[PDB]
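Below you will find one chain, with nothing else, as structure tokens; this is the form deposited in one PDB entry, and questions on how it binds or moves follow later.
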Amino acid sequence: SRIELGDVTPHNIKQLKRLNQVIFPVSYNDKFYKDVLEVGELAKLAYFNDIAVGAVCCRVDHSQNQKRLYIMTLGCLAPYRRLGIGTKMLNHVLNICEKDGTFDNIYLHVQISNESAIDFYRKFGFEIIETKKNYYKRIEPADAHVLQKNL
């Protein structure tokens, strides 16, 4: 099948909102979707035979005297998993960081129960650097690991 990426645009943001609502256990607010339209290539949809089935949303973060890439959401609808879509999305954002060369690291939060996501990221060089107690407020478990890949 045809598996490729595309932009998040004002015309298709409704599809992104639906994908995130289906995939993730927490809701994202209007501000999140406003911000995704301002990050350029750091937010993308993933398509499988012309239907959007996944997405990645990141932002540049200036914290702890570093320039960091923060991955906020990265996911695929369950029927399309294990087809390389996650890999394509994550390699797209790693390619951007590589071209640039000015990022110190890439990081994200992940619920401690999500073993499969942790192992997926560990394949790309991410490591658990910290565990944030009560990061999530409405889901169980509430703890989040911080995964980081040093660039």
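Residue indices: 1-based, along the sequence shown.
- Comparing 41-49 with 62-70, the higher mean C-alpha B-factor in the PDB entry belongs to 62-70.
- Note on 112-120 vs 52-60: mean CA B-factor is higher in 112-120.
- In the deposited entry, the Cα temperature factor of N29 places it in the highest third of its chain's modelled residues.
- In this PDB entry, the Cα temperature factor of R82 sits in the middle third of its chain's modelled residues.
- Ranked against the other modelled residues of its chain, the C-alpha B-factor of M89 as given in the entry falls in the lowest third.
- Among all modelled residues in its chain, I128 ranks in the lowest third by Cα B-factor.
- Among all modelled residues in this chain, the alpha-carbon of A144 has a temperature factor (C-alpha) in the middle third.
Only in words, not in the display: the form solved in complex with a partner chain, which the text now covers.
- Stretch 50-58 is the contacting one of 122-130, 50-58, 98-106, 85-93, since its residues have non-hydrogen atoms within 4.5 Å of its partner chain in the deposited bound form.
- Remark: all three candidate residues (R18, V22 and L77) come within 4.5 Å of its partner chain in the deposited bound form, counting heavy atoms only.
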